[PDB]
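See below for the structure under consideration.
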Amino acid sequence: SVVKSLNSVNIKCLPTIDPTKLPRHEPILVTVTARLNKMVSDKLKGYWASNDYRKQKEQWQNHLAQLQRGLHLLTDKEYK
Amino acid sequence: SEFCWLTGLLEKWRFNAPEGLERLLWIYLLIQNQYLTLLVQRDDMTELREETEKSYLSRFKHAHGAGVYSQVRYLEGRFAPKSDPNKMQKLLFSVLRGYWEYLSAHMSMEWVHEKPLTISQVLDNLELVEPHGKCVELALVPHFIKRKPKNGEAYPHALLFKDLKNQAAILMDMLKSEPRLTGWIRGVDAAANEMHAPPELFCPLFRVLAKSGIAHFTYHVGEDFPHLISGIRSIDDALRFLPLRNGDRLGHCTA
């Protein structure tokens with residue numbers, strides 16, 4: 001209900017997530033980015049080569065890549 | 001410094017560029033390109049005395065190219081003889097020191113002197129090297145200049161002849177004072193233009209340099225003949241009158 005009021009300054013709310021309703025060994029941070037990557041991709045599809053569509057897109061792709069190179073260690077069991 | 005600057009600048013404008021500062025880049029490129037065309041056209045003092053020695057090392061390195069083995073083997077440079085003997089002993093010294101600095105960086109052979117301080121010690125250092133197929137072999141060739149015809153003096157190009165005989169004489173005593181220099185000063189050239197001096201004028205000049213151990217002479221026919229038939233004659237004049245043994249070269253035979 002709280003997110004319903006917020007959707008109705010502008011504030012964006014991400015849909016509720018539940019670790020129990022998820023695979024046991026998949027961390028929260030990969031899931032929160034999955035939902036977070038959901039919207040930003042959707043908004044980029046809406047622009048579809050409008051003004052500065054590339055600017056936001058490429059700055060997003062690099063940021064996702066930099067996060068990915070830090071995502072393997074979080075799930076990694078030990079040091080190698 | 002310039003190239004690394006521009007890579008950084010355009011990277012911050014990779015997505016968008018403010019109109020104000022973008023125009024600054026536009027005019028600077030237009031100013032740079034305009035000067036480059038101007039510099040080329042004037043060719044076809046502090047100009048050479050900036051540092052006068054680091055350039056020659058950079059020039060040979062630029063000729064050598066990247067990699068352990070160079071791209072050019074045989075290379076001779078053109079340089080106008082200076083007016084004063086105290087200057088020729090410096091201009092020639094900086095070239096040889098620059099060339100030796102090129103050789104020292106690549107070839108880790110023993111050198112007689114780490115710092116030569118003079119032409120003579122460079123010759124001692126350069127006598128220990130052999131041409132092994134990747135180092136740029138150098139044999140300098142000073143080139144003369146032809147001036148505009150000045151009236152009087154019993155023939156139109158006489159102050160020119162008096163000017164060149166002075167410059168040539170300075171070259172003469174360098175070879176006899178430094179007999180080892182005959183291996184690096186191997187040629188003589190006359191490269192200004194065609195009409196400003198007849199080709200037959202250099203005939204007595206080249207002959208006296210032949211008796212002084214130059215051993216090679218090249219002429220540079222000016223390619224601005226007033227008529228195609230005149231251009232053919234000019235090359236014919238160079239052939240007939242100039243002293244040219246077998247194995248010499250002409251320059252810019254566009255006629």
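A note on labels: chains of the structure tokens are A, B, ... as shown, every chain counts residues from 1, and ligands are counted from 1 in their shown order.
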Per-residue nearest contacts of chain B to chain A (12 Å; only C-alpha atoms) as a Markdown table:
| residue | atom | partner | partner_atom | distance |
| --- | --- | --- | --- | --- |
| B:12 | CA | A:55 | CA | 11.6 |
| B:13 | CA | A:55 | CA | 10.6 |
| B:14 | CA | A:55 | CA | 8.7 |
| B:15 | CA | A:55 | CA | 5.5 |
| B:16 | CA | A:55 | CA | 8.0 |
| B:17 | CA | A:55 | CA | 11.7 |
Please produce a file of the residues just selected, as a short mmCIF file (atom, residue, chain, number, x, y, z; two decimals), in the first residue's frame, where the atoms kept are C-alpha atoms.
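What follows is the written file result.cif:
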data_model
loop_
_atom_site.label_atom_id
_atom_site.label_comp_id
_atom_site.auth_asym_id
_atom_site.auth_seq_id
_atom_site.Cartn_x
_atom_site.Cartn_y
_atom_site.Cartn_z
CA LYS B 12 35.00 14.05 -22.10
CA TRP B 13 33.11 15.22 -25.21
CA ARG B 14 32.48 11.62 -26.30
CA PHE B 15 28.74 11.98 -25.64
CA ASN B 16 28.14 15.74 -25.94
CA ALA B 17 30.20 18.90 -26.25
#
Just list as a PyMOL selection string whatever in stretch 20-199 of chain B DSSP marks as strand (DSSP E or B).
chain B and resi 74-75+78-79+137-138+140-144+185+188-190
Which polymer residues have any atom within 7 Å of an atom of residue B:60, counting only C-alpha atoms, with same-chain residues fewer than 4 positions away left out, as a tab-separated table (two decimals) with C-alpha atoms, in the first residue's frame?
chain	number	residue	atom	x	y	z
B	56	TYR	CA	68.94	15.19	-35.07
B	64	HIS	CA	64.45	4.32	-37.73
B	102	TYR	CA	71.16	7.31	-31.97
What parts of stretch 18-167 of chain B does DSSP call helix (DSSP H, G or I)? I'd like the answer as a VMD selection string.
chain B and resid 19 to 43 54 to 64 85 to 106 119 to 126 159 to 167
Give me the residues near residue A:29 as a short mmCIF file (atom, residue, chain, number, x, y, z; two decimals) with N, CA, C and O atoms, in the first residue's frame, where near means some atom within 12 Å (using only C-alpha atoms) and where sequence neighbours in that chain fewer than 2 positions away do not count.
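Saved the output as result.cif:
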data_model
loop_
_atom_site.label_atom_id
_atom_site.label_comp_id
_atom_site.auth_asym_id
_atom_site.auth_seq_id
_atom_site.Cartn_x
_atom_site.Cartn_y
_atom_site.Cartn_z
N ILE A 17 10.64 -7.32 -2.81
CA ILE A 17 11.33 -8.57 -3.09
C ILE A 17 11.40 -9.38 -1.81
O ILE A 17 11.36 -8.85 -0.70
N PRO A 19 13.56 -12.69 -0.08
CA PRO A 19 14.61 -13.72 -0.18
C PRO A 19 14.08 -15.14 -0.12
O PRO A 19 14.66 -16.03 -0.75
N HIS A 25 20.83 -19.72 -2.89
CA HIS A 25 22.21 -19.29 -3.03
C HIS A 25 22.38 -18.04 -3.90
O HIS A 25 23.51 -17.63 -4.14
N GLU A 26 21.29 -17.44 -4.36
CA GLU A 26 21.38 -16.20 -5.11
C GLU A 26 21.26 -15.02 -4.16
O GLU A 26 20.22 -14.88 -3.50
N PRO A 27 22.27 -14.16 -4.05
CA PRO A 27 22.24 -13.09 -3.05
C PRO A 27 21.18 -12.04 -3.39
O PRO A 27 20.58 -12.04 -4.46
N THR A 31 19.76 -9.67 -7.12
CA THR A 31 18.33 -9.55 -7.36
C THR A 31 17.89 -8.10 -7.40
O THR A 31 17.09 -7.70 -8.26
N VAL A 32 18.38 -7.28 -6.46
CA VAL A 32 17.97 -5.88 -6.43
C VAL A 32 18.43 -5.16 -7.69
O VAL A 32 17.72 -4.29 -8.22
N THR A 33 19.61 -5.51 -8.21
CA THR A 33 20.05 -4.94 -9.47
C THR A 33 19.21 -5.46 -10.63
O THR A 33 18.98 -4.72 -11.60
N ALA A 34 18.75 -6.71 -10.56
CA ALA A 34 17.91 -7.26 -11.62
C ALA A 34 16.63 -6.45 -11.76
O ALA A 34 16.25 -6.05 -12.87
N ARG A 35 15.94 -6.20 -10.65
CA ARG A 35 14.76 -5.34 -10.69
C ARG A 35 15.15 -3.91 -11.04
O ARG A 35 14.42 -3.21 -11.76
N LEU A 36 16.29 -3.43 -10.52
CA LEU A 36 16.74 -2.09 -10.85
C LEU A 36 17.10 -1.97 -12.33
O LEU A 36 16.81 -0.96 -12.97
N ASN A 37 17.75 -3.00 -12.88
CA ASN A 37 18.07 -2.99 -14.30
C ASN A 37 16.81 -3.13 -15.15
O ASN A 37 16.81 -2.80 -16.34
N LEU A 67 30.14 -3.23 -12.00
CA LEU A 67 29.49 -3.98 -10.93
C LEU A 67 29.69 -5.48 -11.12
O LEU A 67 29.90 -6.21 -10.14
N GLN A 68 29.63 -5.96 -12.37
CA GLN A 68 29.78 -7.39 -12.62
C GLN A 68 31.15 -7.90 -12.19
O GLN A 68 31.26 -8.99 -11.63
N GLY A 70 32.77 -7.00 -9.78
CA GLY A 70 32.71 -7.14 -8.34
C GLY A 70 31.66 -8.10 -7.84
O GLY A 70 31.56 -8.32 -6.63
N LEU A 71 30.87 -8.70 -8.73
CA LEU A 71 29.81 -9.62 -8.34
C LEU A 71 30.30 -11.05 -8.17
O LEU A 71 29.69 -11.82 -7.41
N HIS A 72 31.38 -11.43 -8.86
CA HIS A 72 31.89 -12.79 -8.73
C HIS A 72 32.45 -13.05 -7.34
O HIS A 72 32.28 -14.15 -6.81
N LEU A 74 31.60 -11.70 -4.44
CA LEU A 74 30.58 -11.77 -3.39
C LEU A 74 30.02 -13.19 -3.28
O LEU A 74 29.84 -13.70 -2.17
N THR A 75 29.73 -13.82 -4.41
CA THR A 75 29.26 -15.20 -4.41
C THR A 75 30.39 -16.22 -4.27
O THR A 75 30.12 -17.36 -3.90
#
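Considering the residues B:53, B:11, B:163, B:127 and counting only C-alpha atoms, residue B:84 has its shortest atom-to-atom contact with B:163.
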Would you list the contacts of residue B:203 as a PyMOL selection string, taking every protein, DNA or RNA residue within 9 Å and counting only C-alpha atoms, but skipping same-chain residues closer than 5 positions in sequence?
chain B and resi 208+238+241-243
Calculate how many Å separate atom CA of residue B:166 from atom CA of residue B:144, rounding to one decimal.
11.4 Å
Just want the 12 Å neighbourhood of residue B:167, counted on only C-alpha atoms, with same-chain residues fewer than 5 positions away dropped. Output as a ChimeraX atom specification.
/B:80-85,87-88,142-145,160-162,172-174,188,205,209
Keeping only N, CA, C and O atoms, write those residues as a CSV table (one decimal), in the first residue's frame.
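Written out: selection_11.csv:
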chain,number,residue,atom,x,y,z
B,80,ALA,N,72.6,23.1,-45.6
B,80,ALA,CA,73.3,24.2,-46.2
B,80,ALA,C,74.5,24.5,-45.4
B,80,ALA,O,74.4,24.6,-44.2
B,81,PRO,N,75.7,24.7,-46.0
B,81,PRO,CA,76.9,25.0,-45.3
B,81,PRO,C,76.7,26.4,-44.6
B,81,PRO,O,76.2,27.3,-45.2
B,82,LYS,N,77.2,26.5,-43.4
B,82,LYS,CA,77.1,27.8,-42.7
B,82,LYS,C,78.1,28.8,-43.2
B,82,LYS,O,79.1,28.5,-43.9
B,83,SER,N,77.9,30.1,-42.8
B,83,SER,CA,78.7,31.2,-43.3
B,83,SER,C,80.1,31.2,-42.5
B,83,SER,O,81.1,31.6,-43.1
B,84,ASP,N,80.1,30.8,-41.3
B,84,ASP,CA,81.3,30.9,-40.5
B,84,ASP,C,81.9,29.5,-40.2
B,84,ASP,O,81.2,28.6,-39.9
B,85,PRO,N,83.2,29.4,-40.3
B,85,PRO,CA,83.8,28.1,-39.9
B,85,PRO,C,83.6,27.7,-38.4
B,85,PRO,O,83.5,26.6,-38.1
B,87,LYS,N,80.9,28.1,-37.0
B,87,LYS,CA,79.5,27.6,-37.0
B,87,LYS,C,79.4,26.2,-37.7
B,87,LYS,O,78.7,25.3,-37.2
B,88,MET,N,80.2,26.0,-38.7
B,88,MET,CA,80.2,24.7,-39.4
B,88,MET,C,80.8,23.6,-38.5
B,88,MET,O,80.3,22.5,-38.4
B,142,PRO,N,76.3,18.0,-47.8
B,142,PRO,CA,75.9,19.4,-47.8
B,142,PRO,C,75.4,19.8,-49.2
B,142,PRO,O,76.0,19.4,-50.2
B,143,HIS,N,74.4,20.7,-49.2
B,143,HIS,CA,73.8,21.2,-50.4
B,143,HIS,C,73.9,22.7,-50.4
B,143,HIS,O,73.7,23.4,-49.4
B,144,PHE,N,74.3,23.3,-51.6
B,144,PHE,CA,74.5,24.7,-51.8
B,144,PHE,C,73.1,25.3,-52.1
B,144,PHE,O,72.1,24.6,-52.3
B,145,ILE,N,73.1,26.6,-52.3
B,145,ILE,CA,71.9,27.4,-52.7
B,145,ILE,C,72.3,28.4,-53.8
B,145,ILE,O,73.4,28.9,-53.8
B,160,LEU,N,77.1,35.5,-56.0
B,160,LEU,CA,76.7,34.1,-55.8
B,160,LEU,C,78.0,33.2,-55.8
B,160,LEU,O,78.2,32.4,-54.9
B,161,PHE,N,78.8,33.4,-56.9
B,161,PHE,CA,80.0,32.6,-57.0
B,161,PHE,C,81.0,32.9,-55.8
B,161,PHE,O,81.6,32.0,-55.3
B,162,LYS,N,81.1,34.2,-55.5
B,162,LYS,CA,81.9,34.6,-54.3
B,162,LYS,C,81.3,34.1,-53.0
B,162,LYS,O,82.1,33.7,-52.1
B,172,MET,N,86.3,22.8,-47.5
B,172,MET,CA,87.6,22.2,-47.9
B,172,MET,C,88.5,22.0,-46.6
B,172,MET,O,89.0,20.9,-46.5
B,173,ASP,N,88.7,23.0,-45.8
B,173,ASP,CA,89.7,22.9,-44.7
B,173,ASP,C,89.2,22.0,-43.6
B,173,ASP,O,90.0,21.4,-42.9
B,174,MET,N,87.9,21.8,-43.5
B,174,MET,CA,87.4,20.8,-42.6
B,174,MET,C,87.8,19.4,-43.0
B,174,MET,O,88.2,18.6,-42.1
B,188,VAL,N,78.2,16.5,-52.5
B,188,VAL,CA,77.9,18.0,-52.6
B,188,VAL,C,76.7,18.2,-53.5
B,188,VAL,O,76.7,17.5,-54.6
B,205,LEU,N,83.4,24.8,-59.7
B,205,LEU,CA,83.2,24.6,-58.3
B,205,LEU,C,83.2,23.1,-58.0
B,205,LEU,O,83.9,22.7,-57.0
B,209,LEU,N,86.2,20.7,-55.7
B,209,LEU,CA,85.8,19.8,-54.6
B,209,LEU,C,86.1,18.3,-54.9
B,209,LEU,O,86.4,17.6,-54.0
Within 9 Å of residue B:159, counting only C-alpha atoms, which residues qualify if same-chain residues fewer than 3 places away don't, as a ChimeraX atom specification?
/B:147,149-150,153,156,162-164
